[PDB]
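Have a look at the structure below before the remarks.
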Amino acid sequence: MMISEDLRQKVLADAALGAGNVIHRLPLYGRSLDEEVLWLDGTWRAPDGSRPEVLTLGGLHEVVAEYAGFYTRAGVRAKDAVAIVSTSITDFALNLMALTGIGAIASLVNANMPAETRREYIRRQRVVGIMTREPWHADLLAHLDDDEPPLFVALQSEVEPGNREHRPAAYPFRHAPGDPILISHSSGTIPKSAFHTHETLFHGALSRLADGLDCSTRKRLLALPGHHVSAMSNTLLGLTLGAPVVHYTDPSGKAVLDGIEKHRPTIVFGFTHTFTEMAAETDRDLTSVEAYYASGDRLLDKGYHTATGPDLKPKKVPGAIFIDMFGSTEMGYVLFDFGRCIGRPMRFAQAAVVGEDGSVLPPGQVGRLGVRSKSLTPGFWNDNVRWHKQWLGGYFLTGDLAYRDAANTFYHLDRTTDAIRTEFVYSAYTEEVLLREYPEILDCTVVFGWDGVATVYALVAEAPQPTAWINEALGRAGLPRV
Amino acid sequence: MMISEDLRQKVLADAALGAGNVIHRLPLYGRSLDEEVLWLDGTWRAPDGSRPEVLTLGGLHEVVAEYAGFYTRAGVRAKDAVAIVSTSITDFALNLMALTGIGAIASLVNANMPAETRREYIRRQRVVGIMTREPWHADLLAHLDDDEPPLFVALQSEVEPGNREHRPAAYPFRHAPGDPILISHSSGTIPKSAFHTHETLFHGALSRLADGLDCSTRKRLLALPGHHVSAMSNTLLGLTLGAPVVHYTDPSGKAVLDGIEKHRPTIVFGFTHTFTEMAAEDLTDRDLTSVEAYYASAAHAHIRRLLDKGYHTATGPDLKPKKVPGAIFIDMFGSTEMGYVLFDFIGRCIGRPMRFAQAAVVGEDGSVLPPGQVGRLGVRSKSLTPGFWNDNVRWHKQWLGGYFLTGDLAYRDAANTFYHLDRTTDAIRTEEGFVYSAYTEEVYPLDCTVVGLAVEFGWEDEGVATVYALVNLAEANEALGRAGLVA
Amino acid sequence: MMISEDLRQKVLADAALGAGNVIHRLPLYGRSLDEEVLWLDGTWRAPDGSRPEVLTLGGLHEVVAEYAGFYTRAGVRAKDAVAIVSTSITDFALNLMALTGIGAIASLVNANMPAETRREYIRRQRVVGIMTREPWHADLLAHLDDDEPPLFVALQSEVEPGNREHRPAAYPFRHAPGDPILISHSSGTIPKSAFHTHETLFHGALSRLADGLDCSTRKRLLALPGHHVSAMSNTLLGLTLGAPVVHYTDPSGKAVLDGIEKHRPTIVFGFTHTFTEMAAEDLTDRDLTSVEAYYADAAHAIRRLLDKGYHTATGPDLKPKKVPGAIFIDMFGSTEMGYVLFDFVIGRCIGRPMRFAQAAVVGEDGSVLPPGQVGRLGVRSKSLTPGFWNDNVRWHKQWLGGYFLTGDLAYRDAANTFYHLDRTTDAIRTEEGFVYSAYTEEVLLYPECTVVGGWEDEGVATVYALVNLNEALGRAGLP
Amino acid sequence: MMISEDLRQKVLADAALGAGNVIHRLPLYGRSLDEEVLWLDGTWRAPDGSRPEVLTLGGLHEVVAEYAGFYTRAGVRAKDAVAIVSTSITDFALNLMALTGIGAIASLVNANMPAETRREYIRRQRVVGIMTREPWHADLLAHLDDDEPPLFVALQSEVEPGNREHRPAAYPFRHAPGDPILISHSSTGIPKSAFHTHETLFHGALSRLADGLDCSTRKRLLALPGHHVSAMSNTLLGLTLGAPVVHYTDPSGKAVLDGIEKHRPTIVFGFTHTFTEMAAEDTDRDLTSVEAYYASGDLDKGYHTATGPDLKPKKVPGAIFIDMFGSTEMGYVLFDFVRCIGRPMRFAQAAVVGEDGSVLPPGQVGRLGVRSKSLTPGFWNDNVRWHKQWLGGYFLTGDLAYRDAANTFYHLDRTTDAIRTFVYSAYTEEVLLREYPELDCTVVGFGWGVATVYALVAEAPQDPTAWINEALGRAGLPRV
Ligand SMILES: Nc1ncnc2c1ncn2[C@@H]1O[C@H](COP(=O)(O)OP(=O)(O)OP(=O)(O)O)[C@@H](O)[C@H]1O
Ligand SMILES: Nc1ncnc2c1ncn2[C@@H]1O[C@H](COP(=O)(O)OP(=O)(O)OP(=O)(O)O)[C@@H](O)[C@H]1O
Ligand SMILES: Nc1ncnc2c1ncn2[C@@H]1O[C@H](COP(=O)(O)OP(=O)(O)OP(=O)(O)O)[C@@H](O)[C@H]1O
Ligand SMILES: [Mg+2]
Ligand SMILES: [Mg+2]
Ligand SMILES: [Mg+2]
Ligand SMILES: [Mg+2]
Ligand SMILES: [Mg+2]
Ligand SMILES: [Mg+2]
């Protein structure tokens, strides 16, 4: 369902509400502190020592209050950065609600980040403290010998019942629109660190709630990367809408086929890989799901979805929705909803297929995807050098090459770094045609860029004799050939 | 083709630019005065006595100067309203350009307005002046017996070579964003008076251009009704773009077929009534291939006959341009209150809200409705009218829940795509639910009218009725059955 | 004393709050219904037949509920304008709360508007209803012969205990920022009808409060004309701040000197004439020590009243220091202004523009003039009226250069301090220069007046002084 | 004089105008490239080897196009930062006008910054190249051994006639509102490096022009610190209004008295000190040209126009003294008064903030805080000290103050300088320099733990402590 007129107006009239104070406002809207709101997978160990399967609004306020005082006692003050090295969406979200209540910044770090690289990334942030769990803690104590070290490398088990008494007197913190609440990192291709504020992280959400969109009470299962800006924006968003949120730390398509069947969620958030794993695996009940929300680089037919019939009345079409979202850590929210089509920019965002001089390119020509929005990061942490340089012509270059039609429908063709000059070859597009001409094809990778010419070569039941096989798909379709 | 970056940046850097100074600014961008800007129907008598078929930047700037001065000598001062009573896109355009230079307001009035209604409509505006032509001038002198009478009921022929000497010394005016430039009117259903400002009438154009949209140089044939804000909006806009504009006073399908063949426009603005007329013609060896887009502005429209005689550029799998058969059809959603289109694309799909616009399906209390639920179409946009000339009573009554009600009932898919069902007034209640006459009508491939009859049965009116289908056509409710959905 | 951080943050975090729902928000901030909020002066008769001397938040919400219902039963609907014809800040203030609750607009009309003009002023608003009292009701029935006649001409006595049941179910209305709440009218010089919205009428108040200004809890005595927009905003604003508001229907110097003694207010709002009169009394056995600020108006004015007071200052110890005499703020306003745009020698200093306002001295082509040059005062603000009701003709004609001409001529110093000289219409051209009547009157006022004899008309003239009781002109430097 | 209606409208209708395109737009408004626009003190060497005494618009555009190509050839690309290490307002301004058109950031560094610290400041910034002059260059070549080194530590003589050909084809650069143009630095610890953009650096200026303020054609003499945000805004501002700008690199009260006598300027910009030293000089000096002195940081021989009772102008004696409150991070001045700081200017919002950040009531003492789109968007490469400088939604300026009911602020002290007993040092100091005409005072002492205050300042006293203390007693303050 969609939220009531009552909650919408309460939300849109709360000039204070933002990513940094979401749970402390929910009581004031009238929610009961006994209601169940956030459903856990079992990985998360509570301070009393338990492993809760569900938290209520009040329980989450005391879990968050517990971690909060532990930090304020360990010495965390406002505007202080805390590096959080875990892999549990539940881990990051609770530390962010706590650290935000004390006015601090929860710098989320995926523990699996390549080790020698994680050290430079955390080192560069100058955080006053690290918090982690037992699997990575022994290595993170190296950071205590950093020129400017963290005050502490702690474990979550160090947060014990009653630590909340040390929480500050003016709790919770009163955020200003611009007060940082988070720092996230890029995924691969020295990760770039972007910080997010009380306002930018919820700018897209509320902008959508205001148009009458993305404002359902439907149960959502969040099996996203736990460190990623969206896992936090959707755990924060669902709680705000009153939508039962469910955290799954298992990215396996098979664990999410259990989760879909166990929790029977109406919508399911994950990355493309997760939905793929799900797609390869008849006797599964995916009846509850009406929409899959994906993001990053055929389970649909086992579902259903509501539409408007010619009677101008609801219909229960068969199959669920697959929504390919285009996002980044630095993009804050999603800026588009739908070659490979990304869709039209949403009303609180501006988009351009930019040129090398930065001039908006006309429709149909290929260029750098560029965007603008107050949902966007205000900058790279401690690194003004790289940031101002990732902008061209007034747009934030997202790092992808694309083109657009007259409606401003955009299509991702390739990564800028991945396009090849060959007397040009956008590989993600080139890859996709092959998986579409030759169904048998499970995977493809097409290999002088945006510098000089080169040559391109494929990487894909039976086999061919090779080039001649693939090169027939390209010829029919009209593309340069390997 | 798209305008150059050099021009785009100049427009987007011209904080001064708006609906009220378009022609006074193009020179400053580098436009040559010798250059041609405007192609005419041959129906306009110029001050020289001529009926020129094309005006240059410099000559329009000349002809505008004359009307401008003629007005300044008749006593028109800044912020004054002047009714233009005509039936010619071209007349409305030249008086509008002129009044704006002296700081004045051109109240467009369709002369074909019923007389006593048109008399009521102008009387309410309290204008200092009417300018019309001989077809209506004799009747318009009645307004000289209004309690607050216009200073003059003039004729266009009265504007003579050399009248420009009387225009003011600071010509051209220096408009404020909020300065009225124009007043438009609705179509019965007394019309409402929407006033548009130097900002509202250009907020939508410039916003889109900023995104790299609706900003091509292609030759446009504007056979729109001259008195609509849409006719003036696109006229001015093309001038701004460097796009060849072509005014046609004859909206007939045969007339426009000639213009398409004569001028070979890339895009054509007209009303559904015009595009339908064209589609009922041989069109065997009519060359309508120049056109890639037909732009409409309730007539619902065989149009596919016309589209198929065209082409449209697309991006193929070679990732390079590709000529494709058939031209585009854009049914834009428009009203007086909207100085641009707000929507871009089961039901007449109106489109998706445009970045500078906000749209909602609203309940009777003004509560945003969920998708699939049927309500009143509502909007918000800095392109909208700031209000009805001399009528805050009617203006405010049109706002519900914070949205401006367009008078049309609708629903929107979960993608925020809006689909028109009916005008709020035309819908019939039955003991089995609501019947939307516009949806039934367009729902057995001449005319239809799903009227109904019985009592009060309207969106607001509680009380049921029964529906009846009135079919034109000839060898005379089972099609209703063929798709969901009369006695 | 300043409002608490807890209230400030609640107000500043309340995206919904505006002139049209001030009381409906106060509870949600935590105010008690039992608390007293509005102190009246015995002129107003309540629905149950009383003449209460104070109202509580809960009881004001009850009185407003009744008027609202009575109107909702008479047929008044949302975006429907209703003329309120009275002379009482309390009448207007109460009808204004009720109409907003149903989403309607209240057109404040001062009954003492000359009849033949007052009829034209109401006719030009096409209201669905008039509400008034016995003094004027029989005459106001002429509007029943208007071509578009009000649905009803009612008396306030018709509002009976229990009419509140008829109010709408969704009471109270939910205002949009742009939703009209109020119409005010100009003195005359037909008056212009300026309409104010849920947003504009509080746009200034809220701007000021964000800054930590114009936000004290001090008790305030409003002896302003009830029909002026500022009389309603200052009422509305005081309730918002939690400050005891006190309505006085009598603007006479005696009545207000009595009120100051009875209620011992910290600040007093009135028109200049009110304050001049108080200054002419004995002021010997009077007690005006409570007052630290007089808030005032083409009438000039009174150091007697000020010396009977005090004002807190910062001493060289960096600590509070009560000092003799109370403050006088000679504020500049019009119907169109909404809030005050200027925060207060050669001329009547107008003050400095406030953060949410822009002011300019413009020429006849609308150009910005330099400091020291004389021109027409012009302004811009989100507090200003968005237009004249049913008069776009008159409205657009008051703008020059992007600015709203306030109808006055002025100059400003290099500090963008503006000084009023005269109303554009009162200035006299002469073979030797321009003469500003308000400045000249002021200068002359030898402590023992009217300078007469145009700004747009190129004709020269001669000027003459009329006293009631040219060497003084020379002394000060004038012609 | 005020600028014309024509320039005002032209400027206010240039949505492209900002700090990074100031001279490239001035031709478009209709200025002649033959006009003289910028007056120099003689200490500047031109590419040809000349030391010009005045530059024209086109001459500025050629000298600017020169450095641009030398920089564009040396390998500087857009959004790239260049540390400029000098002491000359002319040095910094010419390099900033140039880099801006190449799209690069002119990171202004005062060469006299303590040495080992100016090393750590430049090394943190990670610049692509250094530019300096012979007096300091030999030391700046050390930065070539830093972990992430500069492409070039170059000298200004390396920019030679004809380098302008190497400028890019798309020149000048098209700035976006948020594109960086400058990095300036503070003056109580490792200086903070604040970056400024094409919109923030010029936001106050144009906001004032819009209200009809700070828009004169009057000749102005800029003897400000060459590296300071001020010295750049008034230069760009002077060029924009059409006012003859004049650079004096000598901050001595005597050198400006020579400058005010030689150039007869209408207004004079400097820091508090230059005007003070100037006060101890002379009588037989002609400062009649001057009607206003503009100061920042930390008279009877002139005239000023006022409005007389005839409502006609009146040349009064003595020039105006305007004590402005600004900082590198504040971008523009946010307060004006003619220690009263004045009222915030319309484009600025200010508060005396508590320790919880709550707007304090009038009369109580707190941290000075402000908000404006003129403010810097952050400290270069340092999002850690940046957010920590904000409290309650405000940017703490570093000063303690209080305000009256009009929002007139009075600076009392720097926050670091107030001693608990509480005694605001700058206020106490001035109190004593007013009871006793004397030289200069400095009150020391537990800051914002208790302490005891002591003093530091023609006859001499026996009990200097008995003395000073009667001033305080009468005045009403804690005693030393
Ligand atoms: N694309 C469209 N699809 C459906 N209806 C449309 C479309 N464009 C316009 N309309 C119709 O045209 C109307 C706009 O007409 P206009 O504003 O000129 O006057 P009116 O609405 O007929 O008269 P009145 O304003 O008195 O009600 C819309 O309200 C709608 O009914
Ligand atoms: N502080 C003040 N000093 C001097 N005059 C003031 C001051 N405040 C208000 N006024 C005068 O009061 C006027 C306010 O206008 P108001 O709306 O009350 O009616 P009006 O202007 O007299 O009527 P009309 O608009 O019909 O001429 C100002 O234009 C100005 O002349
Ligand atoms: N008008 C003024 N009155 C009093 N003090 C002022 C005034 N203007 C500036 N100051 C003082 O000088 C400072 C101006 O900033 P500046 O650019 O000199 O760097 P800074 O503040 O000295 O930096 P840091 O203290 O971090 O080294 C203000 O912070 C304030 O302490
Ligand atoms: Mg990736
Ligand atoms: Mg990237
Ligand atoms: Mg309509
Ligand atoms: Mg009392
Ligand atoms: Mg007035
Ligand atoms: Mg400092």
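Just remember, in the structure tokens the first chain shown is A, the second B, etc., residues are 1-based per chain, and ligands are 1-based in the order shown.
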Inset, instruction - With a distance cut-off of 10 Å and only C-alpha atoms, select the neighbouring residues of residue 405 in chain D, excluding the residue or stretch itself and same-chain residues fewer than 5 positions from it, and output the selection as a ChimeraX atom specification. - result: /C:212-214,313 /D:361-363
For the residues in that selection, give me C-alpha atoms as a PDB file, in the first residue's frame.
```
ATOM      1  CA  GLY C 212      16.934  35.183  17.057  1.00  0.00           C
ATOM      2  CA  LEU C 213      14.956  38.435  16.720  1.00  0.00           C
ATOM      3  CA  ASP C 214      11.394  39.724  17.342  1.00  0.00           C
ATOM      4  CA  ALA C 313      21.338  47.591  28.129  1.00  0.00           C
TER       5      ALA C 313
ATOM      6  CA  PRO D 361      19.666  35.880  23.478  1.00  0.00           C
ATOM      7  CA  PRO D 362      20.756  39.489  23.102  1.00  0.00           C
ATOM      8  CA  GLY D 363      23.325  40.721  25.635  1.00  0.00           C
TER       9      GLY D 363
END
```
Inset, instruction - Please identify which residues in range 112-223 of chain C DSSP calls strand (DSSP E or B) from the backbone, and express them as JSON, numbers by chain. - result: {"C": [129, 130, 131, 132, 152, 153, 154, 155, 180, 181, 182, 183, 184, 185, 193, 194, 195, 196, 197, 216, 220, 221, 222, 223]}
Please, could you write that set of residues out with N, CA and C atoms as a PDB file, in the first residue's frame?
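So the final result, stored in again02.pdb, reads:
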```
ATOM      1  N   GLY C 129     -20.249  36.282   1.916  1.00  0.00           N
ATOM      2  CA  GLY C 129     -20.847  36.552   3.186  1.00  0.00           C
ATOM      3  C   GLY C 129     -20.180  37.718   3.844  1.00  0.00           C
ATOM      4  N   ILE C 130     -21.003  38.422   4.600  1.00  0.00           N
ATOM      5  CA  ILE C 130     -20.573  39.471   5.503  1.00  0.00           C
ATOM      6  C   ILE C 130     -20.887  39.029   6.934  1.00  0.00           C
ATOM      7  N   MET C 131     -20.011  39.412   7.871  1.00  0.00           N
ATOM      8  CA  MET C 131     -20.272  39.266   9.297  1.00  0.00           C
ATOM      9  C   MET C 131     -19.967  40.586   9.956  1.00  0.00           C
ATOM     10  N   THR C 132     -20.890  41.048  10.783  1.00  0.00           N
ATOM     11  CA  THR C 132     -20.775  42.334  11.393  1.00  0.00           C
ATOM     12  C   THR C 132     -21.555  42.314  12.696  1.00  0.00           C
ATOM     13  N   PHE C 152     -25.262  35.888   2.688  1.00  0.00           N
ATOM     14  CA  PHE C 152     -25.832  36.215   3.986  1.00  0.00           C
ATOM     15  C   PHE C 152     -25.142  37.436   4.548  1.00  0.00           C
ATOM     16  N   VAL C 153     -25.918  38.284   5.222  1.00  0.00           N
ATOM     17  CA  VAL C 153     -25.375  39.323   6.101  1.00  0.00           C
ATOM     18  C   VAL C 153     -25.726  38.949   7.540  1.00  0.00           C
ATOM     19  N   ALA C 154     -24.735  38.515   8.321  1.00  0.00           N
ATOM     20  CA  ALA C 154     -24.972  37.982   9.678  1.00  0.00           C
ATOM     21  C   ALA C 154     -24.507  38.908  10.787  1.00  0.00           C
ATOM     22  N   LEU C 155     -24.966  38.670  12.015  1.00  0.00           N
ATOM     23  CA  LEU C 155     -24.509  39.399  13.220  1.00  0.00           C
ATOM     24  C   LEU C 155     -23.695  38.388  14.022  1.00  0.00           C
ATOM     25  N   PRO C 180      -4.811  31.789   0.200  1.00  0.00           N
ATOM     26  CA  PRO C 180      -5.128  33.064   0.807  1.00  0.00           C
ATOM     27  C   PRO C 180      -5.703  32.848   2.206  1.00  0.00           C
ATOM     28  N   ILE C 181      -5.287  33.688   3.160  1.00  0.00           N
ATOM     29  CA  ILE C 181      -5.978  33.719   4.451  1.00  0.00           C
ATOM     30  C   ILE C 181      -6.686  35.053   4.750  1.00  0.00           C
ATOM     31  N   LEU C 182      -6.269  36.153   4.159  1.00  0.00           N
ATOM     32  CA  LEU C 182      -6.638  37.453   4.677  1.00  0.00           C
ATOM     33  C   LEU C 182      -6.634  38.439   3.522  1.00  0.00           C
ATOM     34  N   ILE C 183      -7.499  39.435   3.659  1.00  0.00           N
ATOM     35  CA  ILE C 183      -7.499  40.616   2.820  1.00  0.00           C
ATOM     36  C   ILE C 183      -7.463  41.804   3.767  1.00  0.00           C
ATOM     37  N   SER C 184      -6.586  42.752   3.489  1.00  0.00           N
ATOM     38  CA  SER C 184      -6.529  44.018   4.204  1.00  0.00           C
ATOM     39  C   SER C 184      -6.800  45.144   3.217  1.00  0.00           C
ATOM     40  N   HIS C 185      -7.124  46.342   3.733  1.00  0.00           N
ATOM     41  CA  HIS C 185      -7.474  47.486   2.892  1.00  0.00           C
ATOM     42  C   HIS C 185      -6.687  48.732   3.340  1.00  0.00           C
ATOM     43  N   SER C 193      -7.218  46.515  -2.025  1.00  0.00           N
ATOM     44  CA  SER C 193      -7.413  45.295  -1.249  1.00  0.00           C
ATOM     45  C   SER C 193      -6.197  44.427  -1.470  1.00  0.00           C
ATOM     46  N   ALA C 194      -5.387  44.264  -0.464  1.00  0.00           N
ATOM     47  CA  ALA C 194      -4.215  43.422  -0.590  1.00  0.00           C
ATOM     48  C   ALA C 194      -4.502  42.107   0.123  1.00  0.00           C
ATOM     49  N   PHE C 195      -4.186  40.998  -0.520  1.00  0.00           N
ATOM     50  CA  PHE C 195      -4.459  39.692   0.046  1.00  0.00           C
ATOM     51  C   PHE C 195      -3.141  39.066   0.435  1.00  0.00           C
ATOM     52  N   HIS C 196      -3.133  38.357   1.592  1.00  0.00           N
ATOM     53  CA  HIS C 196      -1.961  37.719   2.181  1.00  0.00           C
ATOM     54  C   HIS C 196      -2.163  36.218   2.368  1.00  0.00           C
ATOM     55  N   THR C 197      -1.066  35.484   2.320  1.00  0.00           N
ATOM     56  CA  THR C 197      -1.244  34.048   2.266  1.00  0.00           C
ATOM     57  C   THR C 197      -0.705  33.375   3.516  1.00  0.00           C
ATOM     58  N   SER C 216      10.322  37.505  21.693  1.00  0.00           N
ATOM     59  CA  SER C 216      10.315  37.499  23.149  1.00  0.00           C
ATOM     60  C   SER C 216       8.978  36.988  23.679  1.00  0.00           C
ATOM     61  N   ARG C 220       2.314  41.801  25.602  1.00  0.00           N
ATOM     62  CA  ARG C 220       2.180  42.893  24.641  1.00  0.00           C
ATOM     63  C   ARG C 220       0.755  43.404  24.604  1.00  0.00           C
ATOM     64  N   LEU C 221       0.623  44.735  24.556  1.00  0.00           N
ATOM     65  CA  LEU C 221      -0.663  45.417  24.492  1.00  0.00           C
ATOM     66  C   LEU C 221      -0.875  45.933  23.076  1.00  0.00           C
ATOM     67  N   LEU C 222      -1.818  45.302  22.358  1.00  0.00           N
ATOM     68  CA  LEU C 222      -2.141  45.662  20.978  1.00  0.00           C
ATOM     69  C   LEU C 222      -3.336  46.603  20.990  1.00  0.00           C
ATOM     70  N   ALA C 223      -3.057  47.901  20.973  1.00  0.00           N
ATOM     71  CA  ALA C 223      -4.086  48.915  20.744  1.00  0.00           C
ATOM     72  C   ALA C 223      -4.025  49.428  19.318  1.00  0.00           C
TER      73      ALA C 223
END
```
Legend entry - Neighbours of chain A in chain B at 9 Å, counting only C-alpha atoms, as a ChimeraX atom specification: /B:1-3,5,210-214,314-321,344-347,353-360,367-374,411,413-416,483-485
Inset, instruction - Using only C-alpha atoms and all ligand atoms, find each protein or nucleic acid residue lying at most 12 Å from ligand 7; present the set as a PyMOL selection string. - result: chain C and resi 36-41+53-55+218-222+243-248+259-266+290
At a cut-off of 7 Å and counting only C-alpha atoms and all ligand atoms, what residues surround ligand 1? Please answer as a tab-separated table (two decimals) with N, CA and C atoms, in the first residue's frame.
```
chain	number	residue	atom	x	y	z
B	185	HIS	N	-7.04	33.32	-22.73
B	185	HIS	CA	-8.34	32.92	-22.25
B	185	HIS	C	-8.63	31.48	-22.62
B	186	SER	N	-9.51	30.89	-21.80
B	186	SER	CA	-9.96	29.51	-21.93
B	186	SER	C	-11.12	29.49	-22.95
B	187	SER	N	-11.77	28.35	-23.11
B	187	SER	CA	-12.83	28.19	-24.14
B	187	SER	C	-14.17	27.86	-23.48
B	188	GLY	N	-14.87	28.86	-22.97
B	188	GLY	CA	-16.18	28.58	-22.41
B	188	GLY	C	-16.11	27.39	-21.49
B	189	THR	N	-17.17	26.57	-21.51
B	189	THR	CA	-17.21	25.29	-20.79
B	189	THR	C	-17.46	25.44	-19.28
B	190	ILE	N	-18.17	32.29	-18.76
B	190	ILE	CA	-17.24	33.26	-19.33
B	190	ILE	C	-15.85	32.63	-19.29
B	191	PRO	N	-15.09	32.68	-20.38
B	191	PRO	CA	-13.69	32.24	-20.29
B	191	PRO	C	-12.90	32.88	-19.15
B	192	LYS	N	-11.87	32.17	-18.72
B	192	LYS	CA	-10.97	32.62	-17.67
B	192	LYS	C	-9.79	33.34	-18.30
B	297	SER	N	-2.30	19.91	-29.55
B	297	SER	CA	-2.43	20.77	-28.35
B	297	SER	C	-3.84	20.64	-27.76
B	298	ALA	N	-9.15	18.13	-27.05
B	298	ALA	CA	-10.06	17.01	-26.77
B	298	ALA	C	-10.33	16.23	-28.06
B	331	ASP	N	0.82	14.23	-28.62
B	331	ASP	CA	-0.37	14.88	-28.12
B	331	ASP	C	0.00	15.57	-26.83
B	332	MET	N	0.19	16.88	-26.86
B	332	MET	CA	0.67	17.56	-25.64
B	332	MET	C	-0.57	17.94	-24.84
B	333	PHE	N	-0.46	18.01	-23.51
B	333	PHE	CA	-1.59	18.41	-22.66
B	333	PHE	C	-1.45	19.93	-22.43
B	334	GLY	N	-2.47	20.72	-22.80
B	334	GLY	CA	-2.35	22.16	-22.73
B	334	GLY	C	-3.64	22.80	-22.27
B	335	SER	N	-3.49	23.99	-21.64
B	335	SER	CA	-4.53	24.89	-21.17
B	335	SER	C	-3.96	26.30	-21.12
B	336	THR	N	-4.86	27.31	-21.01
B	336	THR	CA	-4.41	28.70	-20.90
B	336	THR	C	-3.44	28.86	-19.76
B	337	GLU	N	-3.79	28.31	-18.60
B	337	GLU	CA	-2.98	28.51	-17.41
B	337	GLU	C	-1.57	27.99	-17.57
B	348	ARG	N	-6.08	8.15	-22.82
B	348	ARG	CA	-5.29	9.13	-23.59
B	348	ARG	C	-4.06	9.47	-22.76
B	350	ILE	N	-1.25	11.27	-21.31
B	350	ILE	CA	-0.81	12.63	-21.45
B	350	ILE	C	0.70	12.80	-21.32
B	406	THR	N	-6.91	21.10	-13.26
B	406	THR	CA	-7.03	21.40	-14.68
B	406	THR	C	-8.44	21.19	-15.21
B	407	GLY	N	-9.31	20.57	-14.43
B	407	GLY	CA	-10.66	20.30	-14.88
B	407	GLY	C	-10.84	18.92	-15.49
B	408	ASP	N	-9.81	18.07	-15.38
B	408	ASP	CA	-9.76	16.77	-16.03
B	408	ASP	C	-9.46	15.68	-15.01
B	420	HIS	N	-5.27	10.54	-19.21
B	420	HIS	CA	-6.53	11.27	-19.11
B	420	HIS	C	-7.73	10.37	-19.33
B	423	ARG	N	-13.09	15.00	-18.68
B	423	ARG	CA	-13.25	16.27	-18.00
B	423	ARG	C	-14.13	15.99	-16.80
```
Legend entry - Test item: residues lying within 10 Å of ligand 8 with only C-alpha atoms and all ligand atoms, as a PyMOL selection string: chain C and resi 185-189+191-192+333-337+398+404-408+423
Inset, instruction - Output as a list in words the set of chain C residues within 7 Å of chain D, with distances taken over only C-alpha atoms. - result: residues 2, 5, 212, 213, 314, 316, 317, 346, 355, 358, 367, 368, 370, 372, 476, 477 and 478 of chain C
